[PDB]
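**Student:** based on what follows, work out the 3D shape:
(2 chains)
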Amino acid sequence: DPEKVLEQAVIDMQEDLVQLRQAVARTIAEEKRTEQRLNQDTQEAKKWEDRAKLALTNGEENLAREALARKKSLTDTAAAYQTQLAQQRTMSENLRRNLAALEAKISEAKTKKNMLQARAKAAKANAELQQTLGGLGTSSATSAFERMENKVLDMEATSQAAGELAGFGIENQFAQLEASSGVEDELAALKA
Amino acid sequence: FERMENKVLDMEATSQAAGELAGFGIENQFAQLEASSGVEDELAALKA
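**Tutor:** Residues are numbered from 1 along each chain as shown, chains lettered A, B, ... in the order given. Shown next is the structure:
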């Protein structure tokens, strides 16, 4: 059934955009976390170089080169974290583009299905006009007027029976009425 | 969306059935309407 499916697909899209928002936020944490490290880390290199300068000021070359080893170790770690940062920023723009595209895709998928549904529903409504007009009144109502007309024609058949009866051999009874009508006309001839 | 469009196309198939039905031999019933339309136009010719 259509409406169920089309709305369900749209429902799914609402989950998806939230999931990718989480992943974006997660990536923001990765950048924040690496910034926090790299910023401090690069200062730590300085701090141990400063500790080396204390040995320069006077005293222990052993401490001084030991402190270089700290500085080096930190420097190396910062290069690793700089590399990690490139992976974060690349993955971030990957999510960003994926999302922006997905959002447009979702948006139009929903909107097209809705306006399609609307025009499909409107189209079948127009077709249902033509169908209901095709539900013409040219019907068995004619047969009902006909049924009772078949009895009208039975009264006409009763009128054939009335005419079929109507001759009786008693028509001669009119004759003296006509003769006496002549008599009253002779009374008119008497009047003038 | 396709499933419900397959039913849209079934309503279009119902429209092939409506057209496949649509000719009836009763079209001649229009003719006196047209003639009487001409009559009311002759009443316009009477008006001027």
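
**Student:** what does chain A put close to chain B?
**Tutor:** A:1-3, A:5-6, A:113, A:116-117, A:120, A:123-124, A:127, A:130-131, A:134 (C-beta under 8 Å from any C-beta of the partner chain). Yep, even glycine has a C-beta here, placed from its N, CA and C like the rest.

**Student:** what's the ChimeraX syntax to select whichever of these are buried?
**Tutor:** A single ChimeraX command selects the buried members of the residues of chain A next to chain B (16 or more other C-beta atoms under 10 Å in any protein chain shown):
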select /A:2,6,113,116,117,120,124,127
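
**Student:** which ones among the residues of chain A next to chain B lie within helices?
**Tutor:** Using DSSP state H, the members of the residues of chain A next to chain B that fall in helices are A:2-3, A:5-6, A:113, A:116-117, A:120, A:123-124, A:127, A:130-131, A:134.

**Student:** for those, which one is nearest chain B?
**Tutor:** Here the nearest of these to chain B, counting by C-beta to the nearest C-beta, is residue A:2; it sits at 2.6 Å.

**Student:** and the most centrally placed residue in chain A, how close does it get to residue A:9?
**Tutor:** Closest to where the C-alpha atoms of chain A average out (C-alpha atoms, centre = their mean) is residue A:114, at 3.2 Å. Using C-beta to C-beta, to the nearest Å, residue A:114 is found at 11 Å from residue A:9.

**Student:** for residue A:42, same thing?
**Tutor:** To residue A:9, residue A:42 is 50 Å away according to C-beta to C-beta.

**Student:** buried set for stretch A:86-96?
**Tutor:** Across stretch A:86-96, burial judged by 16+ other C-beta under 10 Å covers A:88, A:92, A:95.

**Student:** number of nearby residues for the residue lying closest to the second one once chain neighbours are set aside?
**Tutor:** Read that as residue A:92. Of all residues not flanking residue A:92 in the chain, residue A:27 sits nearest, at 4.6 Å (C-beta to C-beta, 6 or more residues apart in numbering or on different chains). For residue A:27, the neighbour count with other C-beta atoms under 10 Å in any protein chain shown is 18.

**Student:** now swap in residue A:179 and tell me
**Tutor:** A count of nearby residues for residue A:179, using other C-beta under 10 Å, gives 9.
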